[PDB]
Amino acid sequence: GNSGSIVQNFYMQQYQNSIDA
Amino acid sequence: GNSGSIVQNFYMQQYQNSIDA
Amino acid sequence: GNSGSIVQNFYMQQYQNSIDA
Amino acid sequence: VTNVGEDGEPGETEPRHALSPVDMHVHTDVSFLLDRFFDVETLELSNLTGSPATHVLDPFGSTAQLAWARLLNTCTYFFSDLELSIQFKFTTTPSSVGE
Amino acid sequence: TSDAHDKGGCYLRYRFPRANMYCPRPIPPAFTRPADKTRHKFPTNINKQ
Amino acid sequence: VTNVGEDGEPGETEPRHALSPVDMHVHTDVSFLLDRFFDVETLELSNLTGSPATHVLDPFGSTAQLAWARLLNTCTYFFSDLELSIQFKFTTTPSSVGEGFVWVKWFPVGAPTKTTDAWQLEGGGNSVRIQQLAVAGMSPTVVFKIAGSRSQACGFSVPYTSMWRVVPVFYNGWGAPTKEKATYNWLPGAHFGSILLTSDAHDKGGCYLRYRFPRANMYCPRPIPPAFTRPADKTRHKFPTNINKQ
Amino acid sequence: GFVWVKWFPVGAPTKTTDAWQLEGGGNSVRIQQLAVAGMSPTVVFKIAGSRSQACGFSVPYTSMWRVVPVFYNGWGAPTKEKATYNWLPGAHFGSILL
Amino acid sequence: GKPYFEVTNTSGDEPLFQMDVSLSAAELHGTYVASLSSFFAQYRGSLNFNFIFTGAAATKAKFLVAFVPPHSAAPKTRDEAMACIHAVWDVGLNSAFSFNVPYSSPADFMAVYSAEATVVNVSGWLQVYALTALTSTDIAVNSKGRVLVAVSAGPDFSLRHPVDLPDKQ
Amino acid sequence: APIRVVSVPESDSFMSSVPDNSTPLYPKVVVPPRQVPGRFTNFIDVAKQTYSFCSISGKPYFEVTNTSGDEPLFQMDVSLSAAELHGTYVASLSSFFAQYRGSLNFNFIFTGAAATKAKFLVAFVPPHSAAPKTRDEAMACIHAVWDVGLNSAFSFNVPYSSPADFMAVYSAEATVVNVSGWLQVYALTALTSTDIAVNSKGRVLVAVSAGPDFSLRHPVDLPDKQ
Amino acid sequence: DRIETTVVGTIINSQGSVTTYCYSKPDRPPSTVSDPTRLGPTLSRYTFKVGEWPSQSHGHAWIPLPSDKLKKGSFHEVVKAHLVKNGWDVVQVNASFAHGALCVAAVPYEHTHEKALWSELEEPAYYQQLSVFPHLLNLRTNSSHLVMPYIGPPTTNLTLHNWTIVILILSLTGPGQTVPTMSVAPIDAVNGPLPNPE
Amino acid sequence: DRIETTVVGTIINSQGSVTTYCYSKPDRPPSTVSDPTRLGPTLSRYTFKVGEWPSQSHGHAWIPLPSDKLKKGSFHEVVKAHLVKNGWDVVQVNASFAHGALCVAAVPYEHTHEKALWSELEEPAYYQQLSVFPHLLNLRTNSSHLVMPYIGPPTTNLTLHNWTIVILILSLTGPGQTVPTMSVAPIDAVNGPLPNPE
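Residues numbered from 1 in each chain as written, not as in the entry; some residues may be left out. Chains lettered and ligands numbered in written order. Part of a larger assembly, values for the part shown. Heavy atoms only, no water.

The record names cryo-EM as the way this model was obtained, at a resolution of 17.00 Å.

Draft legend 1. The arrangement of the overall build of chain J in detail. From N to C terminus, chain J includes 1 helix and 9 strands. Tracing chain J from N to C terminus, the helices and strands come up as β-β-β-α-β-β-β-β-β-β. Relative to a compact globule of 198 residues, whose C-alpha radius of gyration would be 16 Å, chain J shows 18 Å and is just as compact. Seen through its principal axes, chain J has C-alpha atoms that stretch 55 × 40 × 35 Å. Burial status across chain J gives 65% buried among its 198 residues. Carbon and sulfur atoms make up 50% of the accessible area of chain J, which amounts to about 7,400 Å² in all. (Helix = DSSP H or I, 4+ residues; strand = E, 2+ residues; numbered from the N terminus. Rg over C-alpha atoms; globule rule 2.2 N^0.38 Å. Buried < 20%, exposed > 50% of the residue type's maximum accessible area, 1.4 Å probe, protein only. Areas by Shrake-Rupley, 256 points an atom, 1.4 Å probe, with all protein chains shown as cover.)

Draft legend 2. Geometry of the interface of chain F and chain I. In this assembly, 86 residues from chain F lie in contact with 90 residues from chain I. In total, about 7,700 Å² of surface goes out of reach between chain F and chain I, with carbon and sulfur atoms giving 59% of it. If you look at where chain F meets chain I, you find 3 salt bridges. The shortest N-O distance in the salt bridge between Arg230(F) and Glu84(I) comes to 2.9 Å. Our enumeration of links across chain F and chain I arrives at 36 residue pairs in polar contact. The element best represented in the side of chain F that touches chain I is strand β13 (residues 217–219) of chain F, accounting for 3 residues. Taken together, the residues that form the side of chain F that touches chain I break down as 42 nonpolar, 24 polar and 20 charged. (Contact = heavy atoms within 4.5 Å. Buried area = accessible area lost by both parts, 1.4 Å probe. Salt bridge = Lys/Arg side-chain N within 4 Å of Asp/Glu carboxyl O. Polar contact = N/O pair within 3.5 Å; in protein donor to acceptor, adjacent residues only side chain to side chain. Nonpolar A, V, L, I, M, F, W, Y, C, P; charged D, E, K, R; others polar.)

Draft legend 3. Focus on the sheet that holds strand β10 (residues 167–168) of chain F. The 4 strands lie next to each other as β10(F)-β3(F)-β13(F)-β1(I), forming an open sheet whose pairing is antiparallel. Where the open sheet ends on each side, the last strands, each with one partner, are β10 of chain F together with β1 (39–40) of chain I. Pairing of β13(F) with β1(I), which is carried by 2 bridges, proceeds in the antiparallel orientation. Bridging across to β1(I), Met218(F) finds its partner in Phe40(I). (Pairing = 2+ DSSP bridges.)

Draft legend 4. Summary view of the arrangement of the chains. Looking across the 26 pairs of chains in contact, one finds the most contacts between chains F and I. When C-alpha atoms are compared, chain B and chain K, though not in contact, are closest at a spacing of 43 Å.

Draft legend 5. Region of interest: the sheet that holds strand β4 (residues 99–100) of chain I. All names here are of chain I. Strand order across the open sheet formed by 3 strands is β10-β4-β14, with antiparallel pairing between neighbours. Looking along the sheet, the strands with just one partner apiece sit at the ends: β10 (167–168) and β14 (216–217). Two elements, β4 and β14, share 2 bridges in a ladder whose sense is antiparallel. The partner of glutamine 99 across the bridge, within β14, is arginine 217.

Draft legend 6. Structural context of the pairing of strand β13 (residues 202–209) of chain I. Residue and element names in this part refer to chain I. The buried count for β13 comes to 8 of 8 residues, which makes it a mostly enclosed element. Going residue by residue along β13, you find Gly202, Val204, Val206 and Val208 tucked away on one face and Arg203, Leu205, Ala207 and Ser209 tucked away on the opposite face as well. As judged from the 3 bridges shared by strand β2 (residues 62–64) and β13, these two strands associate in the antiparallel manner. Across the sheet, residue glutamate 63 finds its bridge partner in β13, namely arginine 203. Where strand β5 (residues 104–110) meets β13, 6 bridges bridge the pair, whose relative direction is antiparallel. Its bridge partner being in β13, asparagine 107 is matched across the sheet by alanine 207.

Draft legend 7. Here's a closer look at the packing of aromatic side chains. Going through the model one piece at a time under the given rule, you end up with 59 aromatic pairs over all chains. A centroid spacing of 5.9 Å and a plane angle of 80° characterise the contact between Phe78(F) and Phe213(F), whose relative ring orientation is edge-to-face. Residue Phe78(F) is found in strand β3 (residues 77–79), and its partner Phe213(F) is found in the loop between β12 (210–211) and β13; the two are separated by 135 residues along the sequence. Side by side, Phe78(F) and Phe213(F) carry an identical accessibility label, which is buried. Ring geometry for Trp89(H) and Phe97(H): centres 5.1 Å apart, planes at 15°, overall stacked. (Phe/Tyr/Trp six-rings, centres within 6.5 Å; stacked < 30°, edge-to-face > 60°.)

Draft legend 8. Representation of the pattern of salt bridges in the model. Tallied over the full model, the rule gives 34 salt bridges over all chains. Residue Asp221(I) pairs with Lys6(G) through a salt bridge whose shortest N-O separation is 2.7 Å. With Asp221(I) in the segment after β14 and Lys6(G) in strand β1 (residues 2–8), the pair connects residues from two separate chains. In terms of burial, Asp221(I) and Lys6(G) fall into one category: buried. Between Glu77(K) and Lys80(J) there is a salt bridge, with the nearest N and O atoms lying 3.8 Å from each other. Taken together, the residues span two chains, with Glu77(K) in helix α1 (residues 75–80) and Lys80(J) in helix α1 (residues 75–80).

Draft legend 9. A look at the environment of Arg16(D). One can find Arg16(D) in the segment before α1 (30–33). The sequence separation of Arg16(D) and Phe32(D) amounts to 16 residues, and the corresponding C-alpha distance is 33 Å.

Draft legend 10. Broad picture of the environment of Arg101(I). Of note, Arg101(I) is situated in the loop between β4 and β5. Leave out the neighbours within four places in its chain, and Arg101(I) touches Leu19(F), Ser20(F), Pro21(F), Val22(F), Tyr160(I), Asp165(I), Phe166(I), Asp213(I), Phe214(I) and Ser215(I). Side-chain polar atoms of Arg101(I) contact the backbone oxygen of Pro21(F), separated by 3.4 Å. Here the side chain of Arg101(I) touches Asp165(I) through a polar contact of 3.0 Å, landing on its backbone oxygen.

Draft legend 11. Geometry of the side chain of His191(F). On the secondary structure map, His191(F) appears in the loop between β10 and β11 (194–196). Not counting residues within four places of it along the chain, the set of residues in contact with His191(F) comprises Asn45(E), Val56(F), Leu57(F), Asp58(F), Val109(F), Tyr160(F), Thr161(F) and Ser162(F).

Draft legend 12. Representation of the side chain of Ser98(H) within the structure. Mapped onto the secondary structure, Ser98(H) falls in strand β8 (residues 98–101). Judged by relative accessible area, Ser98(H) falls into the buried class, the value being 1%. Only 3.1 Å separates the side chain of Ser98(H) from the side chain of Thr13(D), close enough to count as a polar contact.

Set out below in structure tokens:
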């Protein structure tokens, strides 16, 4: 979704968002 | 065209511009 | 000449400067 | 050279020591010459209240020949994206809007 | 819309990236005609003095 | 060594324990010494209204010997790009321009001129005009405010405009078929361009132009102008330095 | 408040009277001759609203000496004078004109 | 005010067409090639012109063109002009002609804007002459012949440097 | 998402020697070739491969009469702002800087009648005494003797000898680093001519070539004009 | 032996010479002239007595190759009728035993008070540096050879843009007679013709 | 098609031409000149309106290439300052449908009453034989190409010894208008220079 910049993962996806299982 | 900086693709070309086919 | 920083080529040399032949 | 004109198509002559290129035409490149923020139009903002006059970005009108106007009307059809940059020249004492 | 509206204007601007043009057309003179046989003289960078 | 002089070409002697180099000459390198924003010139901006005096970036004049002047006139022909940095020293009470937009517009060798009004910003009444050729377009404009701006300055690149394969400093001949007193050392556009400064200011401040001459190439040496009177014979000239005595 | 911090390397001349002047509507404010920009690195920073009325930069070792002697036992000039004892011509890093 | 000159059987000496070869000289005012130019500041090209003779099919005119590099003050007779670079052409079976006004000057680019006499403004003149006064089946039916002056951009021609438009003058 | 940064206090300041350019507002400007010969990259270069007349008295040369002998002929305090070395290329170049580290060379172009001979002596006096004033005093130092007649000029290399790796391109009150000494030339044999009548004096040009180990370091703005 | 015979076109023999090429060797038609004559060996072959050296305080020189002195006879006629790409080849002086030196140099030249293009103007003394522009004559060793290549900001109108030679008196003394020369000459010589002068 | 474009130096296109080499092809420096210029392509590139053809009884011709008409502008200037080895290349006439023929010939030429070297002298009728000297123009077929080689008793002073072209009216009739030409030009062009004219 609307996040097409190569800086979005400055904060790795754990801190960024959530996680399912 | 007048965009010769290596930061232009911070936003990948989908968000940047359009697309044809 | 006095440009010893590794950011000088943010603008590629076409936009930066001129060109000879 | 003997030209059998009338059928459209131009006609050249080519001298001796023809001249070498340089510049490469480049500065005449359509997409290139048009990829630069021009100062076109200029309006008046809205008060938050009441009903607005929805402004429309139609830059295919020309008239004041600021070399961007003619250039757009050198072609028939045009397809390009857009990018804008509103600025806002204060009209009175630039210290009357604290926000 | 802004609490302003007065006390200022704007200066819109356009950056036309990916400009594709089709079907040429004639290019409009933009300058009157001069006096026959001669040059038109606009004060330039160059010029004389 | 016995010198058979007169035929130009110098003549050396070479002692014993010749001395090792260090520094590598380097600090005398033409392109290098000239790649730094100098403070050259200084002007007065334009009111948005009326007709302008198109300023021209011709840094081949010299006179006030600020070691950049002499250096440019050490060569015959010069070819380099340019880069500028306008600043703007307020001249009175630095709180009288609550905005000051400044339409620094650069022009390339040959660009037309005649700039009367044609723009106008409409808003609630009043409406403030902008110079016709000042607006944005073909030749790079920069809009910077003169209020709260922690550096009322700008700055950019300006690749070599002029038609000449190289820029001749001192010309011996003339510039136009009108062998006139003026066109002697003139030559049509031995320069880098122009600049038009317009802002609601014009007064209450100046500027300090600047030049960064990257890719400076120099040709045909010339003699280097003394810059200091002659002293009293036999002796030294004494300028108060870092060193000195006390 | 523009401040013309100009650094100078060991040996640079001095004598700085007026020579610059910024013309604008009247008044015109002078700048120090050697103060302007050029050879030896100038820095122009404002003293208003500046959330740190400060600057800062590099200054590689100027002085002629292979190394800087702190305490010198001898003298600095052939004028064996009370002063030039622990002086030695330019045992330093340069100057600055503000 | 028209795109063509005439050819009568009473000409001879006089010049037929003349103009100061610079992209804002009268004739080259309305042309595509010249009107394009003004978005810029510089050109480096030799131009071509094509002479489309339109007189009766019972008319012959024969003729002469000439390029006068900058120096004198406009030669005013072929006898003066023929001593320069010129071409002669005979309508009758051709049905038009082409002449390439080259590029010769010390500067690598010239001015797309004309101004007071400079070494870089003016590239010279372009001239055409009556090397043989026109002829017709009857001087009665066919008075004059005409000729179109079309301007094709040369093969080495290019514009460099975009520039905003000044005032309208 | 958004990167985290911190401005240095300095930040929005000038910097008249920032190793890095500015924003390229005009681009793609291809530039035409240059065919001019006699081009240069380095300034030392030109002063090494080129002499320049030192200004003695107001002229670039001293005399030689058949009434000299003892007296000094030419003298000057070897420092790049000493009188003679004032008008020279090599010395005038210098003032864009602050330091030099080189031994210099001088060439003595004798211009007297072709029926004239002068024979002669040069001498370098390192700093110490207060200017020897007779060759008998000066010859006890480093010197060279030369006989015009068939030579048609001469060359002497005033070396570099001092405890400091670089000296001052600017002269000032006596320092261990200003003065490198004197340069002296003497009448080791008073001039001679076919007739004292026709040929009175002989002359000699004093040309200054940058030495082979000489270099200028440190650019510096120009002070006041004095 | 100091045999200095130099030929172009006019065989200048002259002992006196002791062959200085200024900057480079002369060269290939203009880069910027899509325009069609390699002047021949005759024509591009002259010799002007310069002046008569005399109490002339170091600084005096004999000033612009070659206008004003161009009007003097076969090459001249040609450059009359646009532009010319040509270097030069060129000094001689008549003296003796009891005699002044000259720094004769080829300048690439400011000055000539808008009365530019041959005469007797002085120079501002600092001769101290005229030895930097490729170039002496010494009466105690000889009597003469500056050979230069083409220069200008790729070709040019020689009726408006001049290689200009000078001759400064570094140090004259001896017998009371005069001490009177220079053999100028184009090399590798012009684009498109011009209207008859009628 | 009758495309007749002829170039030397000046591109003469002219339909009208129907390429007569007179005697031979032009040639190798003089046999008798142990003397040192091959005039260039510019210079040796002219076009003189000859006269205006009018009741002109067969016999009238337009007389000597090229003196008197030499003074007309770059080549001219050169032959001024001894001898020249050069052939020529050269006629055109403006007519219609309702119109006289000319025997235009290159003569190797007596006559020109010691007022020799361009004008309107008649000839003695017996045009019956002028067709023997390499050479017509016929208004019922065209409007123009005599190309000749060098001749003289091995080279010569072109200010004293002239290839001289003529144009005789074998048979004019039609509409009352005039009927006005010729594009002259040296080829393979001169020995040693001469004193300045001062």
